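# Fold and geometry: a report
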Number of protein chains: 4
Amino acid sequence: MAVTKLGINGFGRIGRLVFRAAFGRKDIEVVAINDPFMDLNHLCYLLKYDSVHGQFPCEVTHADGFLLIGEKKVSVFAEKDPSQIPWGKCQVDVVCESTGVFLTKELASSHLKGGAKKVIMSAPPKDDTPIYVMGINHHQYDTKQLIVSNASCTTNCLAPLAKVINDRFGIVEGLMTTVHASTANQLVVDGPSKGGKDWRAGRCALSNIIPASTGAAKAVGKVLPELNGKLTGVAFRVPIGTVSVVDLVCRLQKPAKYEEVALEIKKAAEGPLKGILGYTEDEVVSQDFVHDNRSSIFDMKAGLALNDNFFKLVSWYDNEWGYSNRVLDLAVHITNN
Amino acid sequence: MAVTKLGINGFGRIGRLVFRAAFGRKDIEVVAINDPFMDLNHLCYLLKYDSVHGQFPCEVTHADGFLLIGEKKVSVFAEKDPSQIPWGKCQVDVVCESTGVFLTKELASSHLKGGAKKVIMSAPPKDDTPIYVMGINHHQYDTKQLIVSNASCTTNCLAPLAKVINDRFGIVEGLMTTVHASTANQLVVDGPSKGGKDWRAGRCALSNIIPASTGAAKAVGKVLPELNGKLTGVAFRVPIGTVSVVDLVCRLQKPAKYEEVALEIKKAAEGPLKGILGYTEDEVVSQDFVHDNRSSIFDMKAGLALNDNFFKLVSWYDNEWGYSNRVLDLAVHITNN
Amino acid sequence: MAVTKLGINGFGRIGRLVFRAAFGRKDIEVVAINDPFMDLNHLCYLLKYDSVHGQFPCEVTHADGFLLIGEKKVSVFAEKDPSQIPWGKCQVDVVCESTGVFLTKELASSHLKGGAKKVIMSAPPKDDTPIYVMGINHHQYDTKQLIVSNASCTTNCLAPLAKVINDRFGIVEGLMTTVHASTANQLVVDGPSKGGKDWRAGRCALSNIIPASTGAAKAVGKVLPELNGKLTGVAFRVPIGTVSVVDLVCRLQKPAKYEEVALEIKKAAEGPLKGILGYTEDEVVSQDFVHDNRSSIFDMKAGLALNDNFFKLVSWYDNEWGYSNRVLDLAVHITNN
Amino acid sequence: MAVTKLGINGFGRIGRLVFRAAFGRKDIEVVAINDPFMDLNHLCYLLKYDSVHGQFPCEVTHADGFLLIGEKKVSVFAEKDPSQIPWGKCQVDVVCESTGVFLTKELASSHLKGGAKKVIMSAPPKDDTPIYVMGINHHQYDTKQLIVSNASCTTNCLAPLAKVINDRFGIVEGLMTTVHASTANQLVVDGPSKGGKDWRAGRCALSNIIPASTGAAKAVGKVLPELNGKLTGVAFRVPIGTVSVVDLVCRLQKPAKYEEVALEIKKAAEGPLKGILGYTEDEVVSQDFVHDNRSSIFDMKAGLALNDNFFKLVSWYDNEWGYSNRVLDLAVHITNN
Ligand SMILES: NC(=O)c1ccc[n+]([C@H]2O[C@H](COP(=O)([O-])OP(=O)(O)OC[C@H]3O[C@@H](n4cnc5c(N)ncnc54)[C@H](O)[C@@H]3O)[C@@H](O)[C@H]2O)c1
Ligand SMILES: NC(=O)c1ccc[n+]([C@H]2O[C@H](COP(=O)([O-])OP(=O)(O)OC[C@H]3O[C@@H](n4cnc5c(N)ncnc54)[C@H](O)[C@@H]3O)[C@@H](O)[C@H]2O)c1
Ligand SMILES: NC(=O)c1ccc[n+]([C@H]2O[C@H](COP(=O)([O-])OP(=O)(O)OC[C@H]3O[C@@H](n4cnc5c(N)ncnc54)[C@H](O)[C@@H]3O)[C@@H](O)[C@H]2O)c1
Ligand SMILES: NC(=O)c1ccc[n+]([C@H]2O[C@H](COP(=O)([O-])OP(=O)(O)OC[C@H]3O[C@@H](n4cnc5c(N)ncnc54)[C@H](O)[C@@H]3O)[C@@H](O)[C@H]2O)c1
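Calculation notes
- Residues numbered from 1 in each chain as written, not as in the entry; some residues may be left out.
- Chains lettered and ligands numbered in written order.
- Heavy atoms only, no water.
- Residues with missing side-chain atoms left out of burial classes, pairs and counts.
- UniProt positions renumbered as here; feature names shortened; annotations may be inferred.
- Pairing = 2+ DSSP bridges.
- Helix = DSSP H or I, 4+ residues; strand = E, 2+ residues; numbered from the N terminus.
- Axes fitted to C-alpha atoms, helices over the stretch in contact; angles between N-to-C directions.
- Contact = heavy atoms within 4.5 Å.
- Near = heavy atom within 4 Å.
- Polar contact = N/O pair within 3.5 Å; in protein donor to acceptor, adjacent residues only side chain to side chain.
- Areas by Shrake-Rupley, 256 points an atom, 1.4 Å probe, with all protein chains shown as cover.
- Domains from an automatic or database assignment.
- Nonpolar A, V, L, I, M, F, W, Y, C, P; charged D, E, K, R; others polar.
- Expected span 1.5 Å × (residues − 1).
- Buried < 20%, exposed > 50% of the residue type's maximum accessible area, 1.4 Å probe, protein only.
- Salt bridge = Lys/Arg side-chain N within 4 Å of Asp/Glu carboxyl O.
- Buried area = accessible area lost by both parts, 1.4 Å probe.
- Right-handed = clockwise from strand over helix to strand, strands pointing away.
- Least-squares fit on C-alpha atoms.
- Parallel < 35°, antiparallel > 145°, perpendicular 65-115°, else oblique.
- Left-handed = near helix turned anticlockwise from the far one by under 90°.

- This entry lists X-ray crystallography as its structure determination method and reports a resolution of 2.60 Å.

- Under the PDB entry, chain A has the name glyceraldehyde-3-phosphate dehydrogenase and belongs to Plasmodium falciparum.
- As recorded in the PDB, the entry bears the title "The structure of glyceraldehyde-3-phosphate dehydrogenase from Plasmodium falciparum".
- The heading Subunit (unreviewed entry) in the UniProt record of chain A holds the text "Homotetramer."
- Recorded in UniProt under Catalytic activity (unreviewed entry), the annotation for chain A is "D-glyceraldehyde 3-phosphate + phosphate + NAD(+) = (2R)-3-phospho-glyceroyl phosphate + NADH + H(+)".

Rendered as structure tokens:
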């Protein structure tokens, strides 16, 4: 209805990609960025070159303390304290909280105190903060809610898949495994992970298949109450720049042939979930989804059925890119709604 | 009872590792090797240096056309036709068929025609050749069977896991996913796979999560009839030198707590299956099993249960090393039995 | 002057990229492709998806035995014998010989017998076949020469660098080292390289720094006679999808400051060699050049000088992309000249 | 003369490996370890499992706040302030300063204040702290010097190589390039490096060839005055667990054939520098030196000569393992001398 003004806290993989994903958009625009761990010179550099998604689609420069993207000026701050960021001065409608250390309503509030209208945590909340997944429950958003969560990359991939299958065949119970690409919280060589938590994530990322936990499957139950308590899963970190794959093993109430389930998913991908859920029958591999903007693409040939009620369903997702575009979709939605 | 004389056809990852794994052994010894794709000089080189398991634990040299391991002589041939290999002259009790292109009883017979007493296919058979898994059904071997199969690396990992769980809790149905390390049949850069079969395996192995199929789960039913038709699964090839991880999602007849299932497995690992099945509660990662000689090590902390009858069980395995030691165990067994 | 009709023999990394690089071009177009190791279905797949350069910028399909790129038809053959390819019927002005097994004038002749006007070997010749490097000696091409070589990726990178430095400061002698990205001739796991030649290239590409030889530096002397016998070097294969870096250590006749040499190169990159030689002072890394169409980009900050006559100069190059664009530049040139 | 008591500050790649390398030794033993970034439980874990060098050659456990290696007790501390570590109570003869943040005489002094007799910085000093390289100048050590530096992994590789070549042929000038394996100071995904220094090191380590600087070559001049000002070089970080390769391009005073230079090096490797400098003519690759305890192994076949005075010499080194063993050699030396 009118260009949404976005503010970004934490200019990392997600911060920068959300920024990159906004470039095309004509319904949203980033006007402010905050990150106390990079000078303006360092920030332009990081935004300009990317080891996964290529160089920035435009010229990046800075002048007088502003970030210059073509002929637009973006304010840049270096506040370690969110409450200290002049979001208000910049007329920020929504702040993309993507530092990964303010995942609670009390912590994410400081942005509102700084003048920001609303806030979106680019990760699962540690509080009972409302969680939303585009194309799944975003239409159940209440404008009075000023702080929300866009969930996790994995939840965004599994959620759509789960809804379609449950909606028609009904999911009795399911277990999920996601082979996930490398992430910023990992180490180059064997070392101690932060807070001595999840020791495995401190092991050399270059040569290991690394077991990790994830609440993505249980989170689905929060976005789809009908599924609360019917799903859970694990993760396996692998040495891949980007693109992860969800592997859902489920039991359905109503019997079906793999072909029928596949057909149902395809129908959703071309209809109501077009743009969120994708469908394919090609012999694809992770690299094929690098920079794919969908939340999840069903891989028909990769999955299979043991019998008429026990299935193994596979779906890919660019954990970085898809998620970043969704953050923008949610930002626009909760501002014009 | 008396040193088993082993012959190796196909001196590749498995051929060389079986050879390496025999070095310590005092009940078996390799006396002949055949591979028409490497001169003797090239063969010593490959056997001496290994990018995964380190250098050979002894000095490797050649003289007068023989392979010299210390002060032992090993005959070396370069026959493309198995029937042309003088196994008899070398008194070969068993031939480790590990070229991957003679996986049928008719094809593997040529070794018997060459003078070899018995043969073991280092891979699943394409015929109804008898399949054996150490510690699972090897005691059901019939001496009159001259050609057998040691199965696949994955089957050897999943089989023990399946038996213990089924034996006490009973497995109604199960689906499996194995994240597998890179393999010789893959390509360095995107290209056409052999015979235009399994296109995905021709995609760059360095940067892809590659979906692949596997009959390992169904094979379990062949080694454990009670499980025929109750298991199947898929694979995901990843960029790892060695070590794969089996991820079994199963439904049990009798309810149980994750702890009880874990306890049952541990009991087996320390008792009847000691040496085949391992157990651990440490925060491990793939690299931790490089060169582990067991067929499968249960990872207690990596798995979990959705409810009292739906479980996700994880077990690691060095696809190269463990399998190779098993080939030797089977070789000795079917020769002294 | 008029659209050049290109034929491609060997639809591999270079074949497909040359094809991809021609898509934009309005002065050249591919009308025929030959590769006996992929069915038409397999060929579309490989051309459509790429693990390095992304998906094809257009829809790829096939119908009635033709390759369909939008609404253009490209003939596709599967001849193992080059002389058997109907280049003439397709009016091929130039054939991009990129299979890597017909690098001699006698062998590359078969294309002329098939009806092709001229031929370009996408690699160094093993004969005294004429070698050309765009922007260096291509203007010394003789139209009566029907078979030529576009040289090697490394030569194309080093050649421009060498000319500029020699032209002004004069190179007395130089040694070069190129850290090269992985290549099709390498193996996923330790095995025997073809013909038992260059054993090192058969070692696991995923985890090794692999020493390899290269005539790229000596080749420079063939394209720049003034430098014959003044340069040579070695290579180091590393696990990188694409992008290699040339590292030239040279001694100049006339003294200079690193700044002056840098300035000279910059001058060439913005003047006479614009498009072939690039210049930069940014803190770049290999990934930054993925898909860069230049033959070599000088890295000012990466190099240095020991004294006024001994220098270490660094320059990057996308071994796949840049080279492929050059093949097109040469194809057009020798057809309209 | 009598078991040297070693203390380790910073239980990282080097800390743990020095500890691991001491296990066999009968002339030195670690009695204390300090690292405030890992609980005792976390420390045992990290010491027990290693993604590069395998599992610890003994059982690792902890009891009553001590590290238990078999039946030996090692005190463990978690002081962020070195001066606060009770080295004296533990009778520490030498402290292996390997945190990488106390590389100055003033900073490394705090250990002496804590009761430690002497100190060795496991890295190049930022002060004019004395630098020593085993087999090169360690016999010029003065017992009154309480703080010294064992130099850098690269210097330890290049130093021996340089001495032998200079001693007989004389090095006029030389430039060096080391392709180096990944290091702890690098990042898994593109991010900001510490202090905004060396931006390149913050780029994804998984997929980049990363240009880096190094004073290793100039440092050689400090250990070998005769070479001061005659050498310098650059580095290239690559995705390799461990093992780097030094590539020295040098000009000699006295002419020679590659064979003679190779012969000279071999002579040193088997004589005076045996154990420090290695020699080989095999087609080796980085993985072949994983866990090699030598400071540098000359690779005869990898190098070459342009003419009788201009050479390119290659030598490998396990940046982690060799260096760690050297730290122990120096520790014993300066305590019994
Ligand atoms: N990378 C993925 O695949 C992916 C996918 C979906 C969601 N996410 C995530 O989004 C979040 C961020 O992850 P990321 O990959 O972008 O990590 P990242 O480390 O690349 O980015 C985090 C940024 O936070 C900055 N920061 C730290 N403290 C700050 C402060 N006080 N104020 C402002 N900035 C601060 C850092 O300097 C950094 O640039 C995580 O919670 C994670 O769940 C990541
Ligand atoms: N690498 C693993 O992860 C793993 C684990 C368990 C089992 N296996 C396997 O065992 C088999 C062999 O695989 P690998 O990893 O050793 O592959 P590999 O490519 O390393 O070894 C195959 C060998 O076959 C040789 N060969 C080809 N044709 C021949 C012929 N006619 N006569 C004699 N030798 C011939 C080749 O030169 C090569 O040395 C496969 O079927 C596979 O299932 C592999
Ligand atoms: N990849 C690079 O970085 C790079 C850069 C510059 C030059 N080059 C090269 O150009 C050449 C090709 O290498 P590539 O990387 O494309 O390798 P590739 O293996 O990817 O492609 C070669 C193609 O040749 C085909 N082929 C084999 N025999 C054939 C025949 N008889 N007729 C028709 N096709 C046949 C194969 O099926 C394959 O598709 C090499 O000589 C190499 O020097 C490669
Ligand atoms: N990895 C190699 O290839 C190699 C080779 C030779 C030398 N070195 C080095 O030796 C040094 C250490 O590097 P590394 O690879 O072990 O890095 P690392 O990061 O693995 O280890 C450093 C340790 O310092 C600890 N630490 C931080 N602050 C501390 C404090 N105040 N007190 C005690 N401990 C503290 C960290 O927790 C960590 O365990 C570096 O300067 C580097 O040059 C590394």
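Moving on, there is more to tell.
## Things to note about the sheet that holds strand β8 (residues 147-149) of chain D
Residues and elements named next belong to chain D.
- Judged by pairing direction, the sheet is mixed, and its eight strands sit side by side in the order β3-β4-β5-β2-β1-β6-β7-β8 without closing on themselves. The sheet is open, and its two borders are formed by β3 (60-63) and β8, each paired with just one other strand. Each neighbouring strand pair of the sheet contributes to a mean axis angle of 30°, computed without reference to strand direction.
- Strand direction decides the pairing type here: strand β1 (residues 4-9) and strand β2 (residues 28-34), joined by six bridges, are parallel. Bridge pairing in β2 places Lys5 opposite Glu29.
- Along the sheet, helix α1 (residues 13-22) contacts β1, β2, β4 (66-69), β5 (72-77) and β6 (94-97); its crossing angle with β2, the most-contacted strand, is approximately 150°.
- Against the sheet, helix α2 (residues 40-48) makes contact with β2, β3, β4 and β5, and its axis sits at roughly 165° relative to β3, the strand it touches most.

## Notes on the site of ligand 3
All names here are of chain C.
- Looking at ligand 3, there are 24 residues lining it, with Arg13, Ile14, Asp35, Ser122 and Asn319 nearest.
- One of the backbone N or O atoms of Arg13 is found 3.0 Å from an oxygen atom in ligand 3.
- Taking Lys80, its main chain carries an N or O atom lying 3.1 Å from a nitrogen atom of ligand 3.
- Relative to its unbound accessible area of 850 Å², ligand 3 is 81% covered by the protein chains.
- The two domains that each donate at least three residues to the shell around ligand 3 are domain 1 (1-150 + 320-337) and domain 2 (151-319).

## Brief notes about the site of ligand 4
All names here are of chain D.
- Within the structure, ligand 4 sits among 23 residues, and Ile14, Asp35, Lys80, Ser122 and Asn319 are positioned closest to it.
- A distance of 3.0 Å separates a nitrogen atom of ligand 4 from a polar backbone atom of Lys80.
- Separating an oxygen atom of ligand 4 from a side-chain N or O atom of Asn319 is a distance of 2.5 Å.
- Considered on its own, ligand 4 offers 850 Å² of accessible surface; in the complex 82% of this is hidden by protein.
- Broken down by class, the residue content of the shell around ligand 4 amounts to 10 nonpolar, nine polar and four charged.
- Each of two domains, domain 1 (1-150 + 320-337) and domain 2 (151-319), supplies a minimum of three residues to the shell around ligand 4.

## Observations regarding helix α4 (residues 153-169) of chain D
Residues and elements named next belong to chain D.
- The end-to-end C-alpha separation of α4 is 25 Å, in line with the 24 Å expected for 17 residues at 1.5 Å each.
- By the criterion of burial, α4 is predominantly enclosed, with 14 of the 17 residues buried.
- Residue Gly170 follows α4 closely and has a positive phi angle near 75°.

## Considerations on the UniProt feature "binding site: NAD(+)" (unreviewed entry) in chain A
- UniProt feature "binding site: NAD(+)" (unreviewed entry): in the numbering of this structure it lies at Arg13(A), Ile14(A), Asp35(A), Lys80(A), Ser122(A) and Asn319(A). The named residues occupy 307 residues along the chain; their greatest pairwise C-alpha distance, 26.2 Å, places them well apart from one another.
- Within the fold, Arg13(A) resides in helix α1 (residues 13-22).
- Among the residues examined, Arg13(A) registers a relative accessible area of 10% and is labelled buried.
- When near neighbours in sequence (up to four residues on either side) are disregarded, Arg13(A) contacts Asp50(A), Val52(A), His53(A), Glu320(A), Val189(D) and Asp190(D).
- Polar side-chain contacts of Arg13(A) include one of 2.9 Å to the side chain of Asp50(A).
- Locating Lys80(A) in the fold gives a position in the loop between β5 (72-77) and β6 (94-97).
- Exposure remark for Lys80(A): the relative accessible area of 60% places this residue in the exposed category.
- Discounting chain neighbours no more than four positions away, the residues touching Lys80(A) are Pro36(A), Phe37(A) and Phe102(A).

## Considering the pattern of salt bridges
All names here are of chain C.
- Here the structure, examined in full by the defined rule, presents 84 salt bridges over all chains.
- Note that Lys117 and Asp93 form a salt bridge whose closest N and O atoms lie 2.8 Å from each other. Of this pair, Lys117 sits in the loop between α3 (105-113) and β7 (118-121) while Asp93 sits in the loop between β5 (72-77) and β6 (94-97), placing them 24 residues apart in sequence.
- The partner of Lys312 in a salt bridge is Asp247, with the nearest N and O atoms 3.7 Å apart. Of this pair, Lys312 sits in strand β16 (residues 310-317) while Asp247 is found in strand β12 (residues 244-252), placing the two residues 65 residues apart along the sequence.

## A look at the interface of chain D and chain C
- The interface is formed by 47 residues belonging to chain D together with 47 residues belonging to chain C.
- Across the interface of chain D and chain C, roughly 3900 Å² is buried in total on both sides, 66% from carbon and sulfur atoms.
- Per-residue buried area on chain D facing chain C is highest for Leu175(D), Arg200(D) and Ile209(D); these three make up 19% of the total on that side.
- Across the chain D-chain C interface, the total number found is six salt bridges.
- In this structure, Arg203(C) engages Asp288(D) in a salt bridge whose closest nitrogen and oxygen atoms are separated by 3.1 Å.
- No other element matches strand β9 (residues 171-180) of chain D, which puts six residues into the side of chain D that touches chain C.
- Tallied by class, residues from the side of chain D that touches chain C come to 25 nonpolar, 10 polar and 12 charged.

## Notes on the pairing of β1(D)
Residue and element names in this part refer to chain D.
- Counting buried positions along β1 yields five of six residues, so the element is predominantly enclosed.
- In this region the chain leaves β1, passes through α1 and returns to the parallel neighbour β2; the handedness of that crossover is right-handed.
- Two elements, β1 and β6, share four bridges in a ladder whose sense is parallel. Within β6, the residue paired with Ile8 across the bridge is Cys96.

## A look at the relation of the copies chain B and chain A
- The operation relating chain B to chain A is a screw motion whose rotation component is 180°, with 0.0 Å of axial translation and a residual RMSD of 0.0 Å. Within this description, the copies of the chain are treated as partners about a two-fold rotation axis.
- In this assembly, 100% of the residues forming the interface of chain B have copies in chain A that are likewise at the interface, indicating an isologous arrangement.

## Structural notes on the packing of α4(D) against helix α6 (residues 258-270) of chain D
All names here are of chain D.
- Taken N-terminus to C-terminus, the directions of α4 and α6 make an angle of 120°; their axes are 10 Å apart at the nearest point. What the angle tells us is that α4 and α6 run oblique. In this structure, α4 meets α6 at a crossing whose hand is right-handed. Here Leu161, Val164, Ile165, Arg168 and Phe169 of α4 lie close against α6, whose contacting residues are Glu260, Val261, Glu264, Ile265 and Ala268.
- For the contact of α4 with α6, the class distribution of residues is seven nonpolar, no polar and three charged.

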